[PDB]
file input-v2.cif (mmCIF, C-alpha atoms)
data_coords
loop_
_atom_site.label_atom_id
_atom_site.label_comp_id
_atom_site.auth_asym_id
_atom_site.auth_seq_id
_atom_site.Cartn_x
_atom_site.Cartn_y
_atom_site.Cartn_z
CA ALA A 2 -163.35 39.38 -149.72
CA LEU A 3 -162.03 42.31 -147.72
CA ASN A 4 -164.08 41.64 -144.57
CA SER A 5 -164.95 37.98 -145.12
CA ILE A 6 -165.94 35.36 -142.56
CA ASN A 7 -165.64 32.40 -144.94
CA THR A 8 -162.11 32.82 -146.28
CA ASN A 9 -158.97 34.00 -144.50
CA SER A 10 -156.38 34.50 -147.23
CA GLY A 11 -153.94 36.04 -144.76
CA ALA A 12 -154.11 32.92 -142.61
CA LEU A 13 -153.39 30.77 -145.67
CA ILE A 14 -150.26 32.78 -146.45
CA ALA A 15 -149.18 32.68 -142.81
CA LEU A 16 -149.60 28.90 -142.83
CA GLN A 17 -147.41 28.62 -145.92
CA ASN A 18 -144.65 30.67 -144.28
CA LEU A 19 -144.81 28.59 -141.10
CA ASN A 20 -144.50 25.42 -143.19
CA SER A 21 -141.38 26.84 -144.86
CA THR A 22 -139.80 27.46 -141.47
CA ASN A 23 -140.68 23.94 -140.29
CA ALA A 24 -139.06 22.37 -143.36
CA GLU A 25 -135.85 24.33 -142.77
CA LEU A 26 -135.85 23.18 -139.15
CA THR A 27 -136.21 19.55 -140.24
CA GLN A 28 -133.22 19.91 -142.55
CA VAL A 29 -131.04 21.35 -139.80
CA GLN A 30 -132.08 18.55 -137.43
CA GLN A 31 -130.98 15.95 -139.97
CA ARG A 32 -127.61 17.66 -140.32
CA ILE A 33 -127.07 17.77 -136.55
CA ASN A 34 -128.09 14.14 -136.18
CA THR A 35 -126.02 12.58 -138.96
CA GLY A 36 -123.19 15.08 -138.97
CA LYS A 37 -123.61 15.31 -142.74
CA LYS A 38 -124.75 18.06 -145.06
CA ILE A 39 -125.16 15.42 -147.79
CA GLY A 40 -126.46 12.36 -145.99
CA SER A 41 -128.49 10.72 -148.73
CA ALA A 42 -129.12 10.76 -152.46
CA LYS A 43 -132.00 13.17 -151.81
CA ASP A 44 -129.64 15.95 -150.65
CA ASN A 45 -127.41 16.05 -153.76
CA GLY A 46 -127.32 12.97 -155.94
CA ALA A 47 -124.11 13.59 -157.86
CA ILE A 48 -121.93 14.46 -154.87
CA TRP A 49 -123.53 11.67 -152.85
CA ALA A 50 -122.67 9.14 -155.57
CA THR A 51 -119.11 10.41 -155.89
CA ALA A 52 -118.59 10.15 -152.13
CA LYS A 53 -120.02 6.62 -152.10
CA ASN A 54 -117.64 5.39 -154.78
CA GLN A 55 -114.68 7.07 -153.11
CA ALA B 2 -211.62 59.24 -156.53
CA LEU B 3 -210.19 62.30 -154.83
CA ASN B 4 -212.13 61.91 -151.55
CA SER B 5 -213.05 58.23 -151.78
CA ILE B 6 -213.97 55.83 -148.99
CA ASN B 7 -213.80 52.69 -151.14
CA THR B 8 -210.31 52.96 -152.64
CA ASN B 9 -207.10 54.23 -151.07
CA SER B 10 -204.61 54.48 -153.92
CA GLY B 11 -202.06 56.17 -151.67
CA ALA B 12 -202.18 53.24 -149.27
CA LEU B 13 -201.60 50.85 -152.18
CA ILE B 14 -198.48 52.75 -153.23
CA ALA B 15 -197.27 52.92 -149.63
CA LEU B 16 -197.73 49.15 -149.35
CA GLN B 17 -195.66 48.61 -152.48
CA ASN B 18 -192.82 50.74 -151.11
CA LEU B 19 -192.88 48.92 -147.77
CA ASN B 20 -192.68 45.59 -149.61
CA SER B 21 -189.62 46.83 -151.50
CA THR B 22 -187.90 47.69 -148.23
CA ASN B 23 -188.77 44.29 -146.75
CA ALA B 24 -187.28 42.46 -149.74
CA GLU B 25 -184.03 44.42 -149.43
CA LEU B 26 -183.91 43.55 -145.73
CA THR B 27 -184.35 39.86 -146.51
CA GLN B 28 -181.44 39.99 -148.95
CA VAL B 29 -179.14 41.62 -146.40
CA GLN B 30 -180.13 39.03 -143.79
CA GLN B 31 -179.15 36.22 -146.14
CA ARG B 32 -175.78 37.85 -146.75
CA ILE B 33 -175.10 38.25 -143.03
CA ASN B 34 -176.14 34.67 -142.34
CA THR B 35 -174.19 32.87 -145.05
CA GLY B 36 -171.34 35.33 -145.36
CA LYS B 37 -171.90 35.27 -149.12
CA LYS B 38 -173.09 37.84 -151.61
CA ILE B 39 -173.63 35.00 -154.10
CA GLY B 40 -174.89 32.11 -152.02
CA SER B 41 -177.05 30.29 -154.55
CA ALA B 42 -177.81 30.04 -158.24
CA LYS B 43 -180.65 32.54 -157.69
CA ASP B 44 -178.21 35.36 -156.83
CA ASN B 45 -176.09 35.19 -160.02
CA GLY B 46 -176.12 31.95 -161.95
CA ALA B 47 -172.97 32.37 -164.03
CA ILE B 48 -170.68 33.44 -161.20
CA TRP B 49 -172.23 30.84 -158.91
CA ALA B 50 -171.50 28.09 -161.45
CA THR B 51 -167.94 29.29 -162.00
CA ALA B 52 -167.29 29.32 -158.26
CA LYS B 53 -168.75 25.82 -157.89
CA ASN B 54 -166.49 24.34 -160.55
CA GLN B 55 -163.45 26.12 -159.12
#
call {"tool": "encode", "arguments": {"input": "input-v2.cif", "output": "structure tokens"}}
result
Amino acid sequence: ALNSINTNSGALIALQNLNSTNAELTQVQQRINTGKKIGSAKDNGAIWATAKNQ
Amino acid sequence: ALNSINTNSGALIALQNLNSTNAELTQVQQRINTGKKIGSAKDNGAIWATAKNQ
């Protein structure tokens, strides 16, 4: 509703945006820790496989 | 009658109108308490059932 006490749709959207920021922060921490932008097959499978074979 | 001591038709109508106001007040109290305009199947069965399934 517009003046609801049971549902806070604005808080749900704010939670989604905070989760997006936290996921970006986790990615940057992995890059700082490994020194790699592609550190596993999850980052980019084709380039990861090429680098492994090379 | 017009000047009767046994029957007060005006008091009967006034009682009916007071009962109408009391029923409206009970409905508003339920909305304030639950935070819901449709809080049970008695308020609106189709919309209540849709909201339950969703």
call {"tool": "interface_residues", "arguments": {"input": "input-v2.cif", "of": "chain A", "to": "chain B", "cutoff": "8 Å", "atoms": "all atoms listed in the file", "output": "number ranges by chain"}}
result
A: 5-7
call {"tool": "residues_around", "arguments": {"input": "input-v2.cif", "residues": "residue 39 (chain A)", "least_positions_apart": "5", "cutoff": "9 Å", "atoms": "only C-alpha atoms", "output": "list in words"}}
result
residues 32, 44, 45, 46, 48 and 49 of chain A
call {"tool": "atom_distance", "arguments": {"input": "input-v2.cif", "atom1": "CA of residue 38 (chain B)", "atom2": "CA of residue 2 (chain A)"}}
result
10.0 Å
call {"tool": "atom_distance", "arguments": {"input": "input-v2.cif", "atom1": "CA of residue 43 (chain A)", "atom2": "CA of residue 18 (chain A)"}}
result
22.9 Å
call {"tool": "atom_distance", "arguments": {"input": "input-v2.cif", "atom1": "CA of residue 25 (chain B)", "atom2": "CA of residue 42 (chain B)"}}
result
18.0 Å
call {"tool": "decode", "arguments": {"input": "input-v2.cif", "residues": "region 2-48 of chain A", "atoms": "N, CA and C atoms", "output": "JSON list (two decimals), in the first residue's frame"}}
result
[["chain", "number", "residue", "atom", "x", "y", "z"],
["A", 2, "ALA", "N", 0.83, -1.20, 0.00],
["A", 2, "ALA", "CA", 0.00, 0.00, 0.00],
["A", 2, "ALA", "C", 0.86, 1.25, 0.00],
["A", 3, "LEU", "N", 0.20, 2.41, 0.09],
["A", 3, "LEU", "CA", 0.94, 3.66, 0.11],
["A", 3, "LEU", "C", 1.40, 4.02, 1.52],
["A", 4, "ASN", "N", 0.63, 3.68, 2.54],
["A", 4, "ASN", "CA", 0.99, 3.97, 3.92],
["A", 4, "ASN", "C", 0.82, 2.70, 4.76],
["A", 5, "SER", "N", 1.50, 1.65, 4.32],
["A", 5, "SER", "CA", 1.35, 0.31, 4.87],
["A", 5, "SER", "C", 2.30, 0.07, 6.03],
["A", 6, "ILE", "N", 1.83, -0.72, 7.00],
["A", 6, "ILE", "CA", 2.68, -1.20, 8.09],
["A", 6, "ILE", "C", 3.07, -2.65, 7.94],
["A", 7, "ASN", "N", 2.56, -3.36, 6.94],
["A", 7, "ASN", "CA", 2.88, -4.77, 6.76],
["A", 7, "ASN", "C", 3.94, -5.02, 5.71],
["A", 8, "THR", "N", 4.12, -4.10, 4.78],
["A", 8, "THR", "CA", 4.96, -4.31, 3.62],
["A", 8, "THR", "C", 5.73, -3.03, 3.34],
["A", 9, "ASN", "N", 7.04, -3.15, 3.24],
["A", 9, "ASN", "CA", 7.91, -2.01, 2.97],
["A", 9, "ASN", "C", 8.61, -2.30, 1.65],
["A", 10, "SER", "N", 7.97, -1.93, 0.55],
["A", 10, "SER", "CA", 8.56, -2.20, -0.76],
["A", 10, "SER", "C", 9.83, -1.39, -1.00],
["A", 11, "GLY", "N", 9.91, -0.19, -0.43],
["A", 11, "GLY", "CA", 11.12, 0.59, -0.56],
["A", 11, "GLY", "C", 12.30, -0.05, 0.16],
["A", 12, "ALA", "N", 12.04, -0.66, 1.31],
["A", 12, "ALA", "CA", 13.11, -1.38, 2.00],
["A", 12, "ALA", "C", 13.55, -2.61, 1.22],
["A", 13, "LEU", "N", 12.63, -3.28, 0.52],
["A", 13, "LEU", "CA", 13.04, -4.42, -0.30],
["A", 13, "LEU", "C", 13.96, -3.98, -1.44],
["A", 14, "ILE", "N", 13.62, -2.87, -2.10],
["A", 14, "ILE", "CA", 14.49, -2.39, -3.17],
["A", 14, "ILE", "C", 15.84, -1.93, -2.62],
["A", 15, "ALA", "N", 15.83, -1.27, -1.46],
["A", 15, "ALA", "CA", 17.09, -0.84, -0.87],
["A", 15, "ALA", "C", 17.97, -2.02, -0.49],
["A", 16, "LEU", "N", 17.35, -3.11, -0.04],
["A", 16, "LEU", "CA", 18.10, -4.32, 0.27],
["A", 16, "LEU", "C", 18.72, -4.91, -0.98],
["A", 17, "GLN", "N", 17.98, -4.91, -2.09],
["A", 17, "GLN", "CA", 18.54, -5.43, -3.33],
["A", 17, "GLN", "C", 19.75, -4.62, -3.78],
["A", 18, "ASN", "N", 19.67, -3.29, -3.66],
["A", 18, "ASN", "CA", 20.79, -2.46, -4.09],
["A", 18, "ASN", "C", 22.01, -2.63, -3.18],
["A", 19, "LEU", "N", 21.79, -2.79, -1.87],
["A", 19, "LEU", "CA", 22.90, -3.08, -0.98],
["A", 19, "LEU", "C", 23.54, -4.43, -1.29],
["A", 20, "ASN", "N", 22.74, -5.44, -1.66],
["A", 20, "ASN", "CA", 23.32, -6.72, -2.03],
["A", 20, "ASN", "C", 24.16, -6.62, -3.30],
["A", 21, "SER", "N", 23.73, -5.79, -4.25],
["A", 21, "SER", "CA", 24.55, -5.58, -5.44],
["A", 21, "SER", "C", 25.91, -4.99, -5.09],
["A", 22, "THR", "N", 25.91, -3.98, -4.21],
["A", 22, "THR", "CA", 27.18, -3.39, -3.81],
["A", 22, "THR", "C", 28.07, -4.40, -3.09],
["A", 23, "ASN", "N", 27.47, -5.25, -2.24],
["A", 23, "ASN", "CA", 28.28, -6.24, -1.53],
["A", 23, "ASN", "C", 28.89, -7.26, -2.47],
["A", 24, "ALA", "N", 28.17, -7.66, -3.52],
["A", 24, "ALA", "CA", 28.74, -8.60, -4.48],
["A", 24, "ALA", "C", 29.89, -7.98, -5.26],
["A", 25, "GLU", "N", 29.77, -6.71, -5.63],
["A", 25, "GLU", "CA", 30.90, -6.06, -6.30],
["A", 25, "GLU", "C", 32.12, -5.99, -5.38],
["A", 26, "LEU", "N", 31.89, -5.72, -4.09],
["A", 26, "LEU", "CA", 33.00, -5.64, -3.16],
["A", 26, "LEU", "C", 33.68, -6.99, -3.00],
["A", 27, "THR", "N", 32.90, -8.08, -3.01],
["A", 27, "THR", "CA", 33.50, -9.40, -2.92],
["A", 27, "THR", "C", 34.37, -9.70, -4.14],
["A", 28, "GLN", "N", 33.92, -9.27, -5.32],
["A", 28, "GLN", "CA", 34.73, -9.50, -6.52],
["A", 28, "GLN", "C", 36.05, -8.75, -6.44],
["A", 29, "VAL", "N", 36.01, -7.49, -6.00],
["A", 29, "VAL", "CA", 37.25, -6.72, -5.92],
["A", 29, "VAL", "C", 38.19, -7.31, -4.87],
["A", 30, "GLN", "N", 37.64, -7.84, -3.77],
["A", 30, "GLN", "CA", 38.51, -8.47, -2.78],
["A", 30, "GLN", "C", 39.20, -9.71, -3.35],
["A", 31, "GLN", "N", 38.50, -10.50, -4.16],
["A", 31, "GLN", "CA", 39.16, -11.64, -4.77],
["A", 31, "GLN", "C", 40.27, -11.21, -5.71],
["A", 32, "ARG", "N", 40.06, -10.13, -6.46],
["A", 32, "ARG", "CA", 41.11, -9.67, -7.35],
["A", 32, "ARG", "C", 42.33, -9.18, -6.58],
["A", 33, "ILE", "N", 42.12, -8.44, -5.49],
["A", 33, "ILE", "CA", 43.26, -7.97, -4.71],
["A", 33, "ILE", "C", 44.00, -9.13, -4.08],
["A", 34, "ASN", "N", 43.27, -10.17, -3.68],
["A", 34, "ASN", "CA", 43.91, -11.26, -2.96],
["A", 34, "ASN", "C", 44.71, -12.17, -3.89],
["A", 35, "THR", "N", 44.13, -12.56, -5.02],
["A", 35, "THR", "CA", 44.86, -13.43, -5.93],
["A", 35, "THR", "C", 45.76, -12.68, -6.90],
["A", 36, "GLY", "N", 45.53, -11.39, -7.10],
["A", 36, "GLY", "CA", 46.24, -10.69, -8.14],
["A", 36, "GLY", "C", 45.75, -11.00, -9.53],
["A", 37, "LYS", "N", 44.57, -11.59, -9.66],
["A", 37, "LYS", "CA", 44.07, -12.06, -10.94],
["A", 37, "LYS", "C", 42.67, -11.53, -11.21],
["A", 38, "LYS", "N", 42.44, -11.03, -12.42],
["A", 38, "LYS", "CA", 41.08, -10.71, -12.81],
["A", 38, "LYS", "C", 40.32, -11.95, -13.27],
["A", 39, "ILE", "N", 41.02, -12.96, -13.73],
["A", 39, "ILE", "CA", 40.43, -14.25, -14.09],
["A", 39, "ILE", "C", 41.17, -15.30, -13.27],
["A", 40, "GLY", "N", 40.65, -15.60, -12.09],
["A", 40, "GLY", "CA", 41.32, -16.50, -11.19],
["A", 40, "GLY", "C", 40.77, -17.91, -11.16],
["A", 41, "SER", "N", 39.63, -18.12, -11.81],
["A", 41, "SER", "CA", 38.99, -19.43, -11.81],
["A", 41, "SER", "C", 38.12, -19.54, -13.05],
["A", 42, "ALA", "N", 37.64, -20.75, -13.29],
["A", 42, "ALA", "CA", 36.74, -21.00, -14.41],
["A", 42, "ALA", "C", 35.43, -20.24, -14.28],
["A", 43, "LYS", "N", 35.05, -19.85, -13.06],
["A", 43, "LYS", "CA", 33.84, -19.06, -12.87],
["A", 43, "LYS", "C", 33.96, -17.64, -13.42],
["A", 44, "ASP", "N", 35.17, -17.07, -13.49],
["A", 44, "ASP", "CA", 35.29, -15.69, -13.96],
["A", 44, "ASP", "C", 35.09, -15.57, -15.46],
["A", 45, "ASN", "N", 35.63, -16.50, -16.24],
["A", 45, "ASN", "CA", 35.61, -16.46, -17.70],
["A", 45, "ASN", "C", 36.18, -17.77, -18.22],
["A", 46, "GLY", "N", 35.32, -18.73, -18.54],
["A", 46, "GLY", "CA", 35.78, -20.09, -18.72],
["A", 46, "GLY", "C", 36.72, -20.26, -19.89],
["A", 47, "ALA", "N", 36.45, -19.58, -21.00],
["A", 47, "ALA", "CA", 37.27, -19.75, -22.19],
["A", 47, "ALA", "C", 38.68, -19.20, -22.00],
["A", 48, "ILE", "N", 38.79, -17.97, -21.50],
["A", 48, "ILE", "CA", 40.11, -17.40, -21.27],
["A", 48, "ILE", "C", 40.84, -18.13, -20.15]]
